[PDB]
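Contents: one structure, followed by commentary.
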Amino acid sequence: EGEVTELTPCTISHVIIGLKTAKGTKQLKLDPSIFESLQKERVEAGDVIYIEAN
Amino acid sequence: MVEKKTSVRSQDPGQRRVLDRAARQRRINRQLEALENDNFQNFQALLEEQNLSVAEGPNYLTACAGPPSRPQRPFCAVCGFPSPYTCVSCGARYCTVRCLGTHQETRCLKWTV
Amino acid sequence: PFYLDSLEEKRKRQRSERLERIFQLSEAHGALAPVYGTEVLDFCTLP
Amino acid sequence: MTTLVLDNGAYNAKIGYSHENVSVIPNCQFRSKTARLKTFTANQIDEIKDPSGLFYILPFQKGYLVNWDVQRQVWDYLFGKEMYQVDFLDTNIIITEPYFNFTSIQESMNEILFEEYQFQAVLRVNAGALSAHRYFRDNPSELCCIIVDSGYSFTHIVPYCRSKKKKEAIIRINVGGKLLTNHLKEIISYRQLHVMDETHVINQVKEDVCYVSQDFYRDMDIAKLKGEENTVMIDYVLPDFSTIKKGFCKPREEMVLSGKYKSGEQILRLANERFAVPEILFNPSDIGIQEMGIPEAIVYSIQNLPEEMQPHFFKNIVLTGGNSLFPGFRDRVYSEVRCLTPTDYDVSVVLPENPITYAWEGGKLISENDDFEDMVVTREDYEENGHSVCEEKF
């Protein structure tokens, strides 16, 4: 969880998503199926999200 | 005795003719340079040697960061506190009816010449 | 410059974490079987 | 060896003899309406009984030595015999320069300094490089530090890879102490007490109560809250110079909440802006500027080319300059840059004990250090390759 700083899907092989919190930023690689949920929730950079790992 | 201001009748706004758009920019620009200004409430030499310094390589002019990612925040400008409102004419921001009153009486439209 | 000796160690650490979690999840997502399963229902389901 | 360590900045003149001098001087002249006709140069401001309403004659504008006469008078005086004695002949001088001095300005400097003071090398160098030398001295292992020059009218985020100012990822930002002070001046007077002429007294207040509120929004809320508490508590009793010489903050126990004092003191000041000014230093776009706060520019720099470097980059953050003195500056700056730096990548935000003299301390060490009698450049060599030798070395 964090503020999403960027989303880039890479037919989509995966999606890279950047997440920010008060203790720094981390670049995540996300399973492309998850990339459906992101569009369903209308997430875009500057939103705060809680993508659950399992 | 009399109300003693009908003689001077300064504003008498039947013909007010608002100042807007580019004029706002002028005001903004003015304020910026005033905050950038100096003792009096050589700059021409600074501008001259700066216009000597114009080039595409890494230099004074090309060292400017630019616009910020974090968007601009509102502030009141009369007391400096966060301001939900904007003045319809000049676009300057404020946070109460009282602050709009003071602004309309001293800073709205009066210093745009 | 150079590379931080601790930075590469941390990268190794979290790569190991990442792979162990691929194992955990790929096992957990295939751990139990259907009560019937698709071909049983296909065989039973009449026109 | 002995060197005229120079810090010719618009507001500060940390010139020394390489012998524990750390002398700040006004790189400016003053005209006091009270003191009839006298262009008080450098520390002569202390001769002024009433420094109210002083007209500042500044050699620098946006920090670019201009009019040259102010700086001349100042320099001469500094040397003089009363301040630093008449000692030129071999007493080589070390000079600081704005990151991107407009050639002609300090090129003419080079000339004057040499063929108008005539004494062993000038070794003119950006203050940031001197502070970088000092940092690397006390931080041998470290690689690249920012000379975060939160100074008078300037604030630069700068790559320094081992005494190598990368003139590509240097963010000069803007809005330094000078601005902050003037902005306060307006705010103060327009709100109350149209005293926006005294400058220096308001500056006292500017570095007497002003601070970097940790939570700007929360702090705001409290400060703009009726009754007691509400943080507030400034009531800076500015001196009229007929009563006192420097203003001071009234103790919280003596503050009259009604604002009506019986003592005849100039008893205004209402707080709040205390954190706003430093906030402007950090949180930009409020005043109107479009540049991003120093934390942002720091991170920006770190993301330069050398991906391996970036880690060391923030692990060597050096908040230097004047503005850095602002209470909370260090912690605020860290907090932001850390929340912007990659988690794994460790962020180390430090601050020199005196980020004002740090430059002079460095330059002094460098003077004592060798490879300075080497490298170098003076009239001796200036007598052959004009200024080409100079710029070649600097």
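Residue numbering restarts at 1 for every chain of the structure tokens, chains are lettered A, B, ... in their displayed order, and ligands are numbered from 1 as they appear.
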Residue hits in chain D, query chain A, radius 12 Å, only C-alpha atoms, as a PyMOL selection string: chain D and resi 299+334-347
May I have the selected residues written with C-alpha atoms, as a PDB file, in the first residue's frame?
ATOM      1  CA  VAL D 299      15.739  13.792  -5.113  1.00  0.00           C
ATOM      2  CA  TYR D 334      15.166  14.504   5.628  1.00  0.00           C
ATOM      3  CA  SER D 335      11.533  13.416   6.057  1.00  0.00           C
ATOM      4  CA  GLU D 336      10.639  14.637   2.566  1.00  0.00           C
ATOM      5  CA  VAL D 337      13.713  13.346   0.722  1.00  0.00           C
ATOM      6  CA  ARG D 338      13.451   9.981   2.495  1.00  0.00           C
ATOM      7  CA  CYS D 339       9.784   9.681   1.545  1.00  0.00           C
ATOM      8  CA  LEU D 340      10.949  10.440  -2.011  1.00  0.00           C
ATOM      9  CA  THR D 341      14.046   8.214  -2.081  1.00  0.00           C
ATOM     10  CA  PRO D 342      13.843   4.509  -2.993  1.00  0.00           C
ATOM     11  CA  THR D 343      13.114   2.527   0.179  1.00  0.00           C
ATOM     12  CA  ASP D 344      16.139   0.242  -0.159  1.00  0.00           C
ATOM     13  CA  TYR D 345      18.332   3.217  -1.036  1.00  0.00           C
ATOM     14  CA  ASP D 346      19.348   4.649   2.340  1.00  0.00           C
ATOM     15  CA  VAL D 347      18.938   8.399   2.878  1.00  0.00           C
TER      16      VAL D 347
END
Test item: chain D residues at most 6 Å from chain B, counting only C-alpha atoms, as a ChimeraX atom specification: /D:66,171,285,290-292
File dump, residues just selected, N, CA and C atoms, as a PDB file, in the first residue's frame:
ATOM      1  N   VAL D  66      27.709  43.406  -8.771  1.00  0.00           N
ATOM      2  CA  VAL D  66      27.419  44.542  -9.629  1.00  0.00           C
ATOM      3  C   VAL D  66      27.706  45.831  -8.875  1.00  0.00           C
ATOM      4  N   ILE D 171      20.432  21.861  -9.359  1.00  0.00           N
ATOM      5  CA  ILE D 171      19.193  22.629  -9.340  1.00  0.00           C
ATOM      6  C   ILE D 171      19.427  23.853  -8.463  1.00  0.00           C
ATOM      7  N   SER D 285       5.278  27.249  -4.410  1.00  0.00           N
ATOM      8  CA  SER D 285       4.083  27.522  -5.191  1.00  0.00           C
ATOM      9  C   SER D 285       3.065  28.313  -4.379  1.00  0.00           C
ATOM     10  N   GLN D 290       7.346  28.742  -9.028  1.00  0.00           N
ATOM     11  CA  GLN D 290       7.051  27.435  -9.595  1.00  0.00           C
ATOM     12  C   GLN D 290       8.115  26.390  -9.299  1.00  0.00           C
ATOM     13  N   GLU D 291       9.297  26.801  -8.855  1.00  0.00           N
ATOM     14  CA  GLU D 291      10.327  25.846  -8.485  1.00  0.00           C
ATOM     15  C   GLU D 291       9.849  24.980  -7.322  1.00  0.00           C
ATOM     16  N   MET D 292      10.407  23.780  -7.235  1.00  0.00           N
ATOM     17  CA  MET D 292      10.048  22.837  -6.189  1.00  0.00           C
ATOM     18  C   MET D 292      10.993  22.971  -5.003  1.00  0.00           C
TER      19      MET D 292
END
Chain A: residues DSSP assigns to strand (DSSP E), reported as a list in words: residues 2, 3, 4, 5, 6, 7, 8, 9, 15, 16, 17, 18, 19, 20, 21, 24, 25, 26, 27, 28, 29, 30, 48 and 49 of chain A
May I have a table of the residues of chain C lying at most 12 Å from chain A, giving each one's closest pair of atoms and their distance in Å to one decimal, counting only C-alpha atoms, ordered by chain and ascending residue number, as a tab-separated table?
residue	atom	partner	partner_atom	distance
C:14	CA	A:28	CA	12.0
C:18	CA	A:29	CA	10.6
C:21	CA	A:54	CA	8.8
C:22	CA	A:54	CA	9.5
C:23	CA	A:54	CA	11.4
C:24	CA	A:54	CA	9.2
C:25	CA	A:54	CA	6.6
C:26	CA	A:54	CA	9.7
C:27	CA	A:54	CA	11.5
C:28	CA	A:54	CA	9.4
C:29	CA	A:54	CA	9.2
Could you dump the residues just selected with N, CA, C and O atoms as an mmCIF file, in the first residue's frame?
data_model
loop_
_atom_site.group_PDB
_atom_site.id
_atom_site.type_symbol
_atom_site.label_atom_id
_atom_site.label_comp_id
_atom_site.auth_asym_id
_atom_site.auth_seq_id
_atom_site.Cartn_x
_atom_site.Cartn_y
_atom_site.Cartn_z
ATOM 1 N N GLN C 14 15.755 -9.764 -0.849
ATOM 2 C CA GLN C 14 14.368 -9.640 -1.278
ATOM 3 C C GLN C 14 14.078 -10.412 -2.562
ATOM 4 O O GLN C 14 12.926 -10.799 -2.776
ATOM 5 N N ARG C 18 11.031 -12.968 -2.715
ATOM 6 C CA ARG C 18 10.140 -13.000 -3.871
ATOM 7 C C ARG C 18 9.942 -14.424 -4.385
ATOM 8 O O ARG C 18 8.811 -14.865 -4.633
ATOM 9 N N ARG C 21 7.979 -16.670 -2.151
ATOM 10 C CA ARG C 21 6.549 -16.384 -2.197
ATOM 11 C C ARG C 21 5.904 -16.875 -3.487
ATOM 12 O O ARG C 21 4.735 -17.285 -3.463
ATOM 13 N N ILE C 22 6.617 -16.848 -4.620
ATOM 14 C CA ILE C 22 6.067 -17.519 -5.799
ATOM 15 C C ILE C 22 5.794 -18.977 -5.468
ATOM 16 O O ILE C 22 4.740 -19.521 -5.818
ATOM 17 N N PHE C 23 6.728 -19.633 -4.777
ATOM 18 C CA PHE C 23 6.492 -21.029 -4.406
ATOM 19 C C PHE C 23 5.265 -21.160 -3.509
ATOM 20 O O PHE C 23 4.366 -21.973 -3.766
ATOM 21 N N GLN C 24 5.212 -20.354 -2.445
ATOM 22 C CA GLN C 24 4.104 -20.443 -1.497
ATOM 23 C C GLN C 24 2.768 -20.292 -2.209
ATOM 24 O O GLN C 24 1.856 -21.105 -2.025
ATOM 25 N N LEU C 25 2.644 -19.267 -3.055
ATOM 26 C CA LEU C 25 1.355 -18.985 -3.678
ATOM 27 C C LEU C 25 1.022 -19.993 -4.770
ATOM 28 O O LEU C 25 -0.136 -20.395 -4.908
ATOM 29 N N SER C 26 2.009 -20.400 -5.575
ATOM 30 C CA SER C 26 1.720 -21.370 -6.622
ATOM 31 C C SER C 26 1.343 -22.721 -6.033
ATOM 32 O O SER C 26 0.602 -23.483 -6.664
ATOM 33 N N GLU C 27 1.837 -23.039 -4.833
ATOM 34 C CA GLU C 27 1.369 -24.240 -4.150
ATOM 35 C C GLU C 27 -0.026 -24.036 -3.571
ATOM 36 O O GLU C 27 -0.901 -24.897 -3.713
ATOM 37 N N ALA C 28 -0.255 -22.892 -2.917
ATOM 38 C CA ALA C 28 -1.521 -22.676 -2.224
ATOM 39 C C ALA C 28 -2.686 -22.520 -3.195
ATOM 40 O O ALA C 28 -3.831 -22.823 -2.837
ATOM 41 N N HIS C 29 -2.425 -22.050 -4.415
ATOM 42 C CA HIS C 29 -3.473 -21.832 -5.402
ATOM 43 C C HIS C 29 -3.838 -23.099 -6.166
ATOM 44 O O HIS C 29 -4.687 -23.033 -7.062
#
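Residues from chain C found within 12 Å of chain D are residues 1, 2, 3, 4, 5, 6, 7, 8, 9, 10, 11, 12, 13 and 14 of chain C, counting only C-alpha atoms.
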When DSSP is applied to the backbone of this structure, which of chain A are assigned helix (DSSP H, G or I)? Write them out as a ChimeraX atom specification. /A:34-40
Output the contact residues of chain A with respect to chain B at a cut-off of 12 Å, based on only C-alpha atoms, as JSON, numbers by chain. {"A": [5, 45, 46]}
Atom CA of residue 321 of chain D and atom CA of residue 151 of chain D, how far apart in Å?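 The value is 4.6 Å.
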Shell around residue 94 of chain D at 8 Å using only C-alpha atoms, local window under 2 positions removed, as an mmCIF file with C-alpha atoms, in the first residue's frame:
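Done, and the output landed in result_18.cif:
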data_model
loop_
_atom_site.group_PDB
_atom_site.id
_atom_site.type_symbol
_atom_site.label_atom_id
_atom_site.label_comp_id
_atom_site.auth_asym_id
_atom_site.auth_seq_id
_atom_site.Cartn_x
_atom_site.Cartn_y
_atom_site.Cartn_z
ATOM 1 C CA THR D 3 45.123 32.964 2.824
ATOM 2 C CA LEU D 4 42.512 35.691 2.470
ATOM 3 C CA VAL D 5 39.729 33.096 2.618
ATOM 4 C CA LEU D 6 36.849 34.932 0.948
ATOM 5 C CA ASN D 92 47.340 34.853 -1.452
ATOM 6 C CA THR D 96 34.093 31.923 -3.644
ATOM 7 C CA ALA D 121 46.970 32.890 -6.066
ATOM 8 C CA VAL D 122 43.240 33.651 -5.842
ATOM 9 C CA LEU D 123 42.192 30.024 -6.469
ATOM 10 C CA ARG D 124 38.636 31.262 -6.976
ATOM 11 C CA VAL D 125 36.238 28.361 -6.420
ATOM 12 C CA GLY D 363 38.622 26.630 2.247
#
Which polymer residues have any atom within 12 Å of an atom of residue 30 of chain B, counting only C-alpha atoms, with same-chain residues fewer than 5 positions away left out, as a VMD selection string? (chain B and resid 23 to 25 35 to 37 111 to 113) or (chain D and resid 288)
Surrounding residues of residue 33 of chain A excluding itself and chain neighbours under 6 positions, 10 Å, only C-alpha atoms, as a list in words: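 The residues satisfying every condition are residues 12, 13, 14 and 15 of chain A.
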Output file for the selection above: C-alpha atoms, as a tab-separated table (two decimals), in the first residue's frame:
chain	number	residue	atom	x	y	z
A	12	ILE	CA	0.26	-7.33	-21.25
A	13	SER	CA	3.21	-9.27	-19.85
A	14	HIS	CA	3.07	-7.56	-16.43
A	15	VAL	CA	2.43	-4.12	-14.94
In Å, how far is it from atom CA of residue 35 of chain A to atom CA of residue 11 of chain A? 11.4 Å
Residue neighbourhood residue 157 of chain D, 12 Å, only C-alpha atoms, exclusion window fewer than 6 positions, as a PyMOL selection string: (chain B and resi 63-65) or (chain D and resi 99+128+144-151+165-174+292-304+313-314+317-321)
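The gap separating atom CA of residue 53 of chain D from atom CA of residue 33 of chain D is 6.9 Å, in Å to one decimal.
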Considering only C-alpha atoms, return as an mmCIF file with N, CA, C and O atoms, in the first residue's frame whatever protein or nucleic-acid residues lie within 10 Å of residue 20 of chain B, sequence-local ones (same chain, fewer than 4 positions apart) excluded.
data_model
loop_
_atom_site.group_PDB
_atom_site.id
_atom_site.type_symbol
_atom_site.label_atom_id
_atom_site.label_comp_id
_atom_site.auth_asym_id
_atom_site.auth_seq_id
_atom_site.Cartn_x
_atom_site.Cartn_y
_atom_site.Cartn_z
ATOM 1 N N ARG B 24 -4.931 39.896 -14.585
ATOM 2 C CA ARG B 24 -4.551 39.046 -13.465
ATOM 3 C C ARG B 24 -3.085 38.654 -13.577
ATOM 4 O O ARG B 24 -2.299 38.861 -12.641
ATOM 5 N N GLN B 25 -2.687 38.137 -14.742
ATOM 6 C CA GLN B 25 -1.295 37.759 -14.944
ATOM 7 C C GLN B 25 -0.377 38.922 -14.595
ATOM 8 O O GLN B 25 0.567 38.771 -13.806
ATOM 9 N N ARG B 26 -0.682 40.117 -15.120
ATOM 10 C CA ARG B 26 0.147 41.272 -14.800
ATOM 11 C C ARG B 26 0.303 41.398 -13.292
ATOM 12 O O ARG B 26 1.427 41.388 -12.770
ATOM 13 N N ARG B 27 -0.818 41.421 -12.569
ATOM 14 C CA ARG B 27 -0.740 41.504 -11.118
ATOM 15 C C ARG B 27 0.150 40.403 -10.566
ATOM 16 O O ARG B 27 1.129 40.675 -9.854
ATOM 17 N N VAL B 88 -13.759 36.775 -7.507
ATOM 18 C CA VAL B 88 -14.285 36.574 -8.855
ATOM 19 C C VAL B 88 -13.585 37.481 -9.860
ATOM 20 O O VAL B 88 -13.395 37.097 -11.020
ATOM 21 N N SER B 89 -13.189 38.687 -9.446
ATOM 22 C CA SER B 89 -12.598 39.641 -10.379
ATOM 23 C C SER B 89 -11.123 39.356 -10.639
ATOM 24 O O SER B 89 -10.743 39.025 -11.767
ATOM 25 N N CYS B 90 -10.284 39.486 -9.608
ATOM 26 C CA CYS B 90 -8.841 39.418 -9.797
ATOM 27 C C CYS B 90 -8.270 38.015 -9.628
ATOM 28 O O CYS B 90 -7.117 37.789 -10.017
ATOM 29 N N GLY B 91 -9.030 37.078 -9.061
ATOM 30 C CA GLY B 91 -8.572 35.715 -8.907
ATOM 31 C C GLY B 91 -7.757 35.441 -7.664
ATOM 32 O O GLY B 91 -7.378 34.284 -7.439
ATOM 33 N N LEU B 109 -8.878 45.346 -7.659
ATOM 34 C CA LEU B 109 -8.999 46.305 -8.757
ATOM 35 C C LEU B 109 -8.226 47.599 -8.545
ATOM 36 O O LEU B 109 -8.066 48.378 -9.489
ATOM 37 N N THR B 112 -4.065 47.820 -10.220
ATOM 38 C CA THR B 112 -3.925 47.165 -11.517
ATOM 39 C C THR B 112 -3.465 48.114 -12.616
ATOM 40 O O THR B 112 -3.555 47.769 -13.797
#
